[PDB]
Each structure stands twice: as structure tokens, then as C-alpha cells.
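Each remark here refers to the structure printed beneath this line.
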Amino acid sequence: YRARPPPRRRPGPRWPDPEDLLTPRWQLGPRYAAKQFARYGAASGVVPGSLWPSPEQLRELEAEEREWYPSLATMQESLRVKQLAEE
Amino acid sequence: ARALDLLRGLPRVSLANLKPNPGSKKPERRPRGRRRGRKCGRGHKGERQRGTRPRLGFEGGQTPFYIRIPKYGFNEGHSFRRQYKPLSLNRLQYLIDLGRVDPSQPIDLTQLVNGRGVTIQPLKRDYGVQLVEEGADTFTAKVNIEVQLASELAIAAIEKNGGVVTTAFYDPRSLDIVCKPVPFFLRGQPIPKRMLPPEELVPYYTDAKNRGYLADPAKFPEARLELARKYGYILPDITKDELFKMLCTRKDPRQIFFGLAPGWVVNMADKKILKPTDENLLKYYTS
Amino acid sequence: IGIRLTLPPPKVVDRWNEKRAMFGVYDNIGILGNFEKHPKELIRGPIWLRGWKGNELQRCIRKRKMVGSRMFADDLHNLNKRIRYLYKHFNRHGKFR
Amino acid sequence: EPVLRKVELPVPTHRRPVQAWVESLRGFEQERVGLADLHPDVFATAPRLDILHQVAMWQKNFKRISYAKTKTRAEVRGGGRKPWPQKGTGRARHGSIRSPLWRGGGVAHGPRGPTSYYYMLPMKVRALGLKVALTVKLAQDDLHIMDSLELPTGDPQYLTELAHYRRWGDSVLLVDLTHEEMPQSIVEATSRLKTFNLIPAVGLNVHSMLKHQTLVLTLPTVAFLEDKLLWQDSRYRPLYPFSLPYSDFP
Amino acid sequence: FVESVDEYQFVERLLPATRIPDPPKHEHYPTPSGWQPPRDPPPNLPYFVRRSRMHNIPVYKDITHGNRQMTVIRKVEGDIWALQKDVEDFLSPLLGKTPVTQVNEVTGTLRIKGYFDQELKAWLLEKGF
Amino acid sequence: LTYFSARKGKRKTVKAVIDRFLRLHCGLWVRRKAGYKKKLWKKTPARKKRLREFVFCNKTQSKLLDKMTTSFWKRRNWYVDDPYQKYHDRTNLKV
Amino acid sequence: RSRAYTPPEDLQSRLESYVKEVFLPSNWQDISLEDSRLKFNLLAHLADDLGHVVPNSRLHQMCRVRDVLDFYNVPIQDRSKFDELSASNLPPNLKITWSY
């Protein structure tokens, strides 16, 4: 009784075809593709340049940073103003 | 090897012979018999008997005791109050001796955690480590340490033996990346650039009396000398020693790891680092 | 009367069948398989408790929120009713509180 | 020609290494061709049959999904109306025809839904279970080693007769290293039989070897088991699961 | 858009280790913290007390019920009854009466009633464990 | 309290407690007195001082409250400069 | 084949002769065989001549040749308890029958 061949991870990247309506939404965007590249590299992965933000994505990201992540020139100025006012 | 000698005689161990340890399995109580169940423990006819008594805390219609006493904000902002896992000097010396955190190289937080010396939960708001005054005496090591807060007694204990302490801030995302670098490199993202402190911390990390990573580096030596001539130990002059090049190394703000630039993709499958070569990107990250 | 008068036919149990001669083979696929797999992902059965344990209420909540959009209408109504009842019971009935 | 072995891993400096013969299968009357040493703390641990029992009960009750359901009071058809008014007759009060009392009704506390009985013992306890099982299989003259699970021909009669000649037992558990390397001879000779079970070394377990009465490993397999099971001792607190890359692990 | 370079060494400085590393030597033990390696060749007593996965002496404080103070000498192997004799003799002049012991030769462990953790850690050190 | 949330199936906290009492990790619960910012114009000065003092909780109160919260609130919390952290541990405790 | 074995007396001398083939130093009974190759050679010779091979669970107890001599000076009664009860010359008023 040769026991059954042992279980293994499926040896390769999982590319679910996008036709069937069952392919879960989270397994179709770019995040999953990035994870596939990180795990198995360019051996069986994706075109590398996709990993970085696209230009419009970059512009909105920079907008967010400029909005919420001030620079310590600005922060130090705010601290100095508040200090003078309190004093 | 006496028990094996006993086993050589006793019959074969198999599934018919095994048993739990004498004490693991407390036996099961079910309500059947003159003792266990005639009312099964539920008491006489009341409201306990039927299972419907008031929710936990009720008090028979007087005001509940947890509502008479006033409401004071012992836990007002607790979700956002910052937390810091201590790393006492006893513990740092311990981890130095047993070979778990290598003191030839800089002692970053990635190294403190890859030696499993202190574990910090990124979630639950723990922002980083803090050196603490405990067993400062009996500390002896040339260690280049970067932590997220410090006490001046600890900077005394670390500099006195010829060491450099440089406090450094990390953001929540930055911290979660620092503690666990490999799973982040498995996400596929490019490395982010860590962000400057909030308003209420910038006085802390820009003053040299706390060995800030944003203070004026030319404002360090007078602070060091003041400390040395406050705790009565002669400051060593580092630049003679052979390890100065290590104690001079320091990653600059907007950097998480040492030899890696914000913006690089870490391909672990074939041992490579990929870099962005478009002007707009390289100005975005380098900022 | 509550007893029989003829011995049942003696069941033959083949203690050395296939599915009895391998019970547990690969039940240690992790500690000595480079940790590629996990025994969790060897146990066949329902999609909502492949490697998970809870009481009846949690089990039915999981069944709902994990397969409760593919299950037939009457079953789904029974299930929602069951959640309502077990909520009432676990949260308002019992000796200890 | 003799065939020897030495313990690869470190051995603590107050325990000699245990030893065991290395018997072949190329012929009927060829045992004791070689002599191999085995690491103490995987083939000489304290007996601890209690831990053996914990591991066996874990292997029984962790795959177990009980598929028992019994329609409760609310999922047996009908049952809405009061069968008859409250105060009118002297008949006992009843507010449904499907209460657990009534014939054909429901079950007050029956098997609810498909239940899982899943719990995971700490992996050090399971490593220690394999350690204990191997130690007990050695202390009872049941464990045998072999250079390679090779036979001259595939008739099961040969393997059964050989197992009768050396007083192995009624059931043999042959263990080889990798499922793709087992020679075709043993594969043929062992597919047919019932009490002779081949296993690629990835799949030892307490149950599989307590079921049998003879555990026939190999030199590769003992090296493998020593490596992994010792690795379970002197290992760090894990920072993240070992599926992900680690510096020194694989 | 991308360029492939190989300065991967820094990445390899971040991968943690699984095996605890055998600690490095020192020209004068004990080290500043208190460590002291196990004496080699091993001490000659009937029994032995292995050391933890990160090389401390397995004496462990313990508590139950909020007032049962206890200590546990854990990874013994050998004539544990010899060790009971030894520890009873050693502890007797400290308390003022013999300590209430409990041996467990199945797990190869021992335990005592009352906090004596540091005393026994030092005691097992100077015997060479 | 809710012993099993309908959406997840976990325990739940009585948030009337979190804003009323403070957890000292040893087990004690510290609170405030009742009457301490009401009618302070006829309460004698000693009464004012007493009503201004923080105070511990009896044993049954502590156990009740420990039941009324989950495991998040019974946690070692390393705050930066919280004025209570010296009380997060006991010392010289003799049963 | 059968298990039963009773120690020949000349075995004593036999042992020394075998040791001579695989070792000249006197105090020969206290030779140490931790050299594994020599241990294998000696034990194989004793096994193939005397028809009794050491068990796996006893091969580590014997590290000195004195232990080989000691182990070979123990007999093994390869018989079920039927045969020993029968051979124990039972009293007149006791009869045992065994349906095998």
C-alpha cells in the first residue's frame, strides 16, 4: 500500500482566468499581481514596471502627502508661533 | 536509560495500551441520579431556576453601582496615547553576551527584533523601544544604538563606555515594516519613505539633549560634555577607535533600512533590487 | 418488549483496509516538510469549517457570512431563525451571569 | 563490507549515542551488514507514553467533522396552530404538534449542524511525540534500519516470508525518504499487501507506527528525522510562519 | 523605467535567524550580566540538569492560588531522588525545617514550596550545571 | 453584557465601565468618589478632601468589573508618562 | 529458525580468540569498543558462530568487552508458559490441557 503522493503547494503562480464569474474580486486587481511577483519573482511573474505608482496615481499620492504630511520647516514655524502666543 | 530497560520486558505499546495522565481528565458531570440531577443544581422554583435573571450588573432596581460613581476620563484618549516597549540595560547587556544582537554592526530595531530581544506590536500603538535606567552600572559594551525614546541616564550609560545613541522616530506603517522586513518584501510594494514626527514631538527629536536624529549635529559635543561632567565619568573621544566608521554610520530621515533607498523593489526570488529610473518618481521618493 | 431474540449478523470489520491503514499519514506535513503546508489544509469537508472550531452560534454565523448567499431559500430562513434564537438564549438565558 | 554511520548533529556531552544494526533486504539471511549510531535525544528520550497518547488523540480528533443534523422544533413541517384551546378540555396543554414531546416532532438537544472538533497541539509537543514513538519502537527491539528498501523481485511472498523469518511482527511500516525515489521493486511488492505499508518519509506519525508493530526506517530517513526533530529543539521563538523565507532555515 | 542591480547584501542583513546561535567566548566568565557556561568536562554527579534553549539554568519561579509560592527544577535526567536528597540538604539550614518537596520522575522534574529561585540558580551554578 | 456578538461571535464590554474605572494591571480597580463636583458649598472641608480622593474597589466589585470588560482592557500598557504606571505592580505583597 | 540459546562453557575461551583476531594487550576483558568498526566485527563473529545476535535495545549498554561476556552468560527459555508449567513437575492433583 504505497501511500498517496504527499500534498504540495501548487508549483507555480496562480493566474485565475478573468472570464469565470467566480474568480474572487480580490484575486484580480494589481495587489495580488504584486504579491505574486514578490513571492515567485520574474521567474513566472509580471512585467516589473507595474509595481510603481502610475503617473496619475503618483499625482494623487503627492496631493495626499502635501495635504496631511507637512515639512518640519512648516512644523517648526507652527511651534514657534504657538510658543510666542502662549508666552 | 532505565525506563527503556523496563520497556524491554513490558508488552508492546500500541493504541490499546495508552492512557491519559492521571489528573488531566476531570470526569464529566451530567444531571442523572439522586445526587447529580433532581433539580440539576438550578435550585428551587425562582427566576434563577428558569434561566431568566437580569443581565450581568443589575442590582434589583437600585442604581447600578457602576453608574452611581462619576465619570472621569481615566481612559479618555487611550487609543491614541503613544506606547513604548522598554528595553532595560540589563536586557541589552544580556542580549549582547549571549550573541543574539551583534554589536559590531549598528543595533537598529530590526536587529533587536531579529534577535528576539524585545518584541513590539505595531498595532496597539506601540511606536518603538525605549532604553531605561535599570542596571546602568554593570553595562559594558561598545554599542551603536538607535531607539525611539531615551532617558538621559541611559545615554550616560551608553556613551560612557564609548558609544553613540541617536533617537529616531518611525511612523506606524514604518514601524510595521521595520519589525517584519521579510513579509513586507513579500508584499511586492516598493519601500516607502518614513515620515517626520507630529507637531508635539518635533521639539523632542530636534534637541540635542535627547540625541535627536533631527537636532543640529554640531550641538552634540557640548551636550555630551555636560552629561559627562554631570555624572562624573570622563568622556572618551571616539574618533581614535577602529569602529568609528560603524559608530559614524547613521541612516537619514526618510529612510527605513541602511543600504536601501525609499523606492526600491526587493525581488527575493532571484536576489535582486530593482530601482526607479524616471525623474518624477525619483523626485517623489527622494523627498 | 425492549429486547431482541436473534443475534444480528456478525459485522466484518477489515481493520487493515486502505482508509484504516493510513489514518494519519501526512498528519505531520509541517514539522517535517519544511512547513510548506499545514495540517489545516489536509482535512476535507465544509468550506466554512476547514480548520475552525466554535460553538453552534458562531458556527451558524460563519455558515451565513461565508456560504449564506448560495444556500437555498428555506434553509437560509431556517438559519436566520436559528441565529435569532441562539442569540436570545446565549445572551439572556442560563445560570451564570 | 561494513556500512557505518556517525551522528551528524551535535550530541550533548553527557550522553553517548545509541546504536542499531543495519540489515539489508538483498537476501533472506543477510542482517547485520553495517552498524549505525543514532542521536540520543530522538531515539533515547524519556518514555513519556502520556504525550504519545495526547498525540494519538490529536490525530484522531482533529480531522473529524461530524455530519449529524436533526431537525429542531422549528424546522419540522407544520406546527403553527394550537392543536386545541387552552382551558376548554381536560387534555394537557399543548402549543404545537411538533414539540419534542410529540411523536414525529423535534429533538430538544440533538446533533446540531456539521461540527468540527479541531484543535492544534503546539508543534514542539508533536515533535516530542515522534521522538517518544521512535524511542519506544527502539527500546522494544521493534525498530530496524536498512541501507535501502531494495528487493530482488516483486512477489509479495518474498517480503512476507522475510518478515516471517526475522520475527518482525504482523504489520510492517516501511519508510523511505522521498515519494519519487522508492524503487519499483518495493513499490510493486508492497502495493498488493495489506499489513506492509510504504510511506515516504514526509509522513510518519504516532498513529501510523503504533498501528504497526515494526518500523523499518532507512539510513537517509534516520538522518532526515534527526535533522528535523532536533531542529524543533534549539529554535527561536518564531517571528512569522516558516513558510516565508528565513535566513538559515531551509 | 527600471534597472536591475545586485547590492542584495543589505537585504540579507535583515533576514532573521531560526536557530539560537551558540554564544561566543569570553576571556573571563561571568560576563557582566551573570552568565556562566556549563563546565566541560561535565560534573560527576549521579544526575544532570540540562540548560534552556538560550542557556540559563532551568530553575523557575511559580505561583498558584495567589499564595502557593513554588519553584520548579525542570530538565533533570537521572537519579532525580539523588537531586531531592541534595536540594533538601542544601535548603534545610536556610528555612529552619525540611522543605516540602514533590518529585516527578516521569517528566524528569522536581518542585519545592517557597520562593528559592535565585538561591537554587546560584547553587546549581557552582556544581557545574 | 453580550456574551456573544451577533456579527462576530465574541464577548463585549460595558462601555459604562471604561469611562468610569481605571485598570491597574495587578488587578485593582481605582475610581472616583460620588459627590465630588456637586454641592461643594455646604460640604465641610474634610468631606471635600475625602470626596476628592481616588479610591480602590472591593473584591466583588473588581471581579464584576473584570467580567464586564474583555481581554483588551486587562493588558500591560506602556504609556509614555502616565501618572499611574508606578501602581501597575504590587510589591512586598504578603498574601 | 529458533531462538533458544544456552551458554556453552567454551564460549568463554571462544570470546578471547575472536578478540585476538580483531585487536595483544592483556586485561583483555576490559577492552573498550567505542571504535564502531571493531565492535561490528566482533559482534558479527559472535553472532555467526553462536547463533545469537544482540538486540538493538541492548547494543549501547555493552560498551566494554566485559559486557559482551556478561550478556552471553544469560540463557533464554524460548517457550510459552505452557511448556514451563508442564515441565514444573506438577503435583498429582492438577491437570492442565492446552488446545493448540
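Identifiers for the C-alpha cells are assigned positionally: chains receive A, B, ... in sequence, residues are indexed from 1 per chain, and ligands are indexed from 1 in the order shown.
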Chain C contacts on chain F, only C-alpha atoms, 9 Å, as number ranges by chain: F: 1-10
Selection near residue 60 of chain F, 12 Å with only C-alpha atoms, sequence-local residues under 5 positions removed, as a VMD selection string: (chain B and resid 57 65) or (chain F and resid 27 to 29 65 to 67)
Output for the residues just chosen: N, CA, C and O atoms as an mmCIF file, in the first residue's frame:
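Just written: selection.cif:
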```cif
data_model
loop_
_atom_site.group_PDB
_atom_site.id
_atom_site.type_symbol
_atom_site.label_atom_id
_atom_site.label_comp_id
_atom_site.auth_asym_id
_atom_site.auth_seq_id
_atom_site.Cartn_x
_atom_site.Cartn_y
_atom_site.Cartn_z
ATOM 1 N N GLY B 57 -24.676 42.695 36.033
ATOM 2 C CA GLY B 57 -24.511 44.030 36.543
ATOM 3 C C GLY B 57 -25.725 44.578 37.253
ATOM 4 O O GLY B 57 -25.577 45.439 38.122
ATOM 5 N N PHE B 65 -24.224 49.966 40.644
ATOM 6 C CA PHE B 65 -23.041 50.515 41.291
ATOM 7 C C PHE B 65 -22.063 51.081 40.274
ATOM 8 O O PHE B 65 -21.351 52.050 40.564
ATOM 9 N N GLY F 27 -4.605 43.973 39.139
ATOM 10 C CA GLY F 27 -5.955 43.525 39.400
ATOM 11 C C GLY F 27 -6.836 44.573 40.032
ATOM 12 O O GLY F 27 -8.064 44.487 39.896
ATOM 13 N N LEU F 28 -6.264 45.555 40.716
ATOM 14 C CA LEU F 28 -7.056 46.558 41.402
ATOM 15 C C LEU F 28 -7.774 47.443 40.398
ATOM 16 O O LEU F 28 -7.328 47.620 39.261
ATOM 17 N N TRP F 29 -8.902 47.998 40.826
ATOM 18 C CA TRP F 29 -9.652 48.979 40.053
ATOM 19 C C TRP F 29 -9.770 50.240 40.889
ATOM 20 O O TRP F 29 -10.206 50.178 42.043
ATOM 21 N N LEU F 65 -16.396 43.881 37.561
ATOM 22 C CA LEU F 65 -15.885 44.739 36.507
ATOM 23 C C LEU F 65 -14.997 43.958 35.552
ATOM 24 O O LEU F 65 -15.071 44.153 34.337
ATOM 25 N N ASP F 66 -14.162 43.058 36.073
ATOM 26 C CA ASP F 66 -13.322 42.250 35.196
ATOM 27 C C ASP F 66 -14.166 41.390 34.271
ATOM 28 O O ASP F 66 -13.738 41.059 33.161
ATOM 29 N N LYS F 67 -15.365 41.004 34.716
ATOM 30 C CA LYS F 67 -16.274 40.291 33.823
ATOM 31 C C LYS F 67 -16.883 41.233 32.794
ATOM 32 O O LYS F 67 -17.163 40.829 31.659
#
```
For segment 104-120 of chain E: contacts at 7 Å, only C-alpha atoms, fewer than 5 positions along chain excluded, given as a PyMOL selection string: (chain D and resi 48) or (chain E and resi 59-61+69-77+80+99)
Residues as selected, N, CA and C atoms, written as a PDB file, in the first residue's frame, can you do that?
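Result saved to out-v4.pdb:
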```pdb
ATOM      1  N   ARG D  48       7.637   8.752  28.322  1.00  0.00           N
ATOM      2  CA  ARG D  48       6.520   9.692  28.185  1.00  0.00           C
ATOM      3  C   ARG D  48       5.432   9.159  27.256  1.00  0.00           C
TER       4      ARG D  48
ATOM      5  N   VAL E  59      15.788  26.789  36.606  1.00  0.00           N
ATOM      6  CA  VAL E  59      15.055  26.985  37.846  1.00  0.00           C
ATOM      7  C   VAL E  59      14.021  28.053  37.568  1.00  0.00           C
ATOM      8  N   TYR E  60      12.766  27.764  37.890  1.00  0.00           N
ATOM      9  CA  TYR E  60      11.660  28.623  37.508  1.00  0.00           C
ATOM     10  C   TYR E  60      10.772  28.904  38.704  1.00  0.00           C
ATOM     11  N   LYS E  61      10.523  30.181  38.928  1.00  0.00           N
ATOM     12  CA  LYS E  61       9.561  30.631  39.909  1.00  0.00           C
ATOM     13  C   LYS E  61       8.176  30.180  39.472  1.00  0.00           C
ATOM     14  N   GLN E  69       3.424  29.798  46.666  1.00  0.00           N
ATOM     15  CA  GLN E  69       4.723  30.058  46.072  1.00  0.00           C
ATOM     16  C   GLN E  69       5.399  28.728  45.801  1.00  0.00           C
ATOM     17  N   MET E  70       6.077  28.626  44.664  1.00  0.00           N
ATOM     18  CA  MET E  70       6.674  27.365  44.268  1.00  0.00           C
ATOM     19  C   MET E  70       7.895  27.629  43.411  1.00  0.00           C
ATOM     20  N   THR E  71       8.760  26.628  43.330  1.00  0.00           N
ATOM     21  CA  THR E  71       9.865  26.629  42.388  1.00  0.00           C
ATOM     22  C   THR E  71       9.911  25.286  41.699  1.00  0.00           C
ATOM     23  N   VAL E  72      10.450  25.283  40.491  1.00  0.00           N
ATOM     24  CA  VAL E  72      10.483  24.113  39.632  1.00  0.00           C
ATOM     25  C   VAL E  72      11.889  23.963  39.080  1.00  0.00           C
ATOM     26  N   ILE E  73      12.506  22.822  39.352  1.00  0.00           N
ATOM     27  CA  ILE E  73      13.763  22.417  38.740  1.00  0.00           C
ATOM     28  C   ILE E  73      13.401  21.417  37.662  1.00  0.00           C
ATOM     29  N   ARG E  74      13.565  21.790  36.400  1.00  0.00           N
ATOM     30  CA  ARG E  74      12.783  21.143  35.364  1.00  0.00           C
ATOM     31  C   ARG E  74      13.526  20.047  34.608  1.00  0.00           C
ATOM     32  N   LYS E  75      14.619  20.360  33.926  1.00  0.00           N
ATOM     33  CA  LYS E  75      15.117  19.449  32.894  1.00  0.00           C
ATOM     34  C   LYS E  75      16.193  18.541  33.476  1.00  0.00           C
ATOM     35  N   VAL E  76      15.831  17.845  34.552  1.00  0.00           N
ATOM     36  CA  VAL E  76      16.684  16.844  35.183  1.00  0.00           C
ATOM     37  C   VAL E  76      16.579  15.559  34.375  1.00  0.00           C
ATOM     38  N   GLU E  77      17.610  14.723  34.447  1.00  0.00           N
ATOM     39  CA  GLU E  77      17.549  13.379  33.894  1.00  0.00           C
ATOM     40  C   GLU E  77      18.579  12.504  34.585  1.00  0.00           C
ATOM     41  N   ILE E  80      16.831  11.361  39.959  1.00  0.00           N
ATOM     42  CA  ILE E  80      16.196  12.562  40.487  1.00  0.00           C
ATOM     43  C   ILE E  80      16.076  12.492  42.003  1.00  0.00           C
ATOM     44  N   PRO E  99      12.200  21.258  53.550  1.00  0.00           N
ATOM     45  CA  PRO E  99      11.194  21.803  52.642  1.00  0.00           C
ATOM     46  C   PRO E  99      10.299  20.719  52.073  1.00  0.00           C
TER      47      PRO E  99
END
```
Residues of segment 63-95 of chain E in strand (DSSP E or B), written as a list in words: residues 63, 64, 68, 69, 70, 71, 72, 73 and 76 of chain E
Check: which chain B residues lie within 12 Å of chain F using only C-alpha atoms, as a PyMOL selection string: chain B and resi 54-59+64-87+120-121+124-130+132+148-151
Show which residues sit within 8 Å of segment 96-98 of chain D, as a PDB file with C-alpha atoms, in the first residue's frame. Count only C-alpha atoms, and ignore same-chain residues fewer than 2 positions away.
```pdb
ATOM      1  CA  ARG D  73     -38.586  22.140  16.880  1.00  0.00           C
ATOM      2  CA  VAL D  76     -40.111  20.113  11.032  1.00  0.00           C
ATOM      3  CA  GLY D  78     -46.300  22.261  10.035  1.00  0.00           C
ATOM      4  CA  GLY D  79     -46.648  23.097  13.671  1.00  0.00           C
ATOM      5  CA  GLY D  80     -48.139  26.567  13.618  1.00  0.00           C
ATOM      6  CA  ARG D  81     -51.557  26.352  15.192  1.00  0.00           C
ATOM      7  CA  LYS D  82     -52.562  25.471  18.681  1.00  0.00           C
ATOM      8  CA  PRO D  83     -53.929  21.910  18.370  1.00  0.00           C
ATOM      9  CA  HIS D  94     -50.046  21.932  24.010  1.00  0.00           C
ATOM     10  CA  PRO D 100     -40.113  17.377  21.365  1.00  0.00           C
ATOM     11  CA  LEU D 101     -42.724  15.504  23.398  1.00  0.00           C
ATOM     12  CA  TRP D 102     -44.962  14.636  20.469  1.00  0.00           C
ATOM     13  CA  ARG D 103     -44.227  11.702  18.215  1.00  0.00           C
ATOM     14  CA  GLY D 104     -42.667  12.898  14.994  1.00  0.00           C
ATOM     15  CA  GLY D 105     -41.743  16.259  16.499  1.00  0.00           C
ATOM     16  CA  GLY D 106     -38.287  17.647  17.028  1.00  0.00           C
TER      17      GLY D 106
END
```
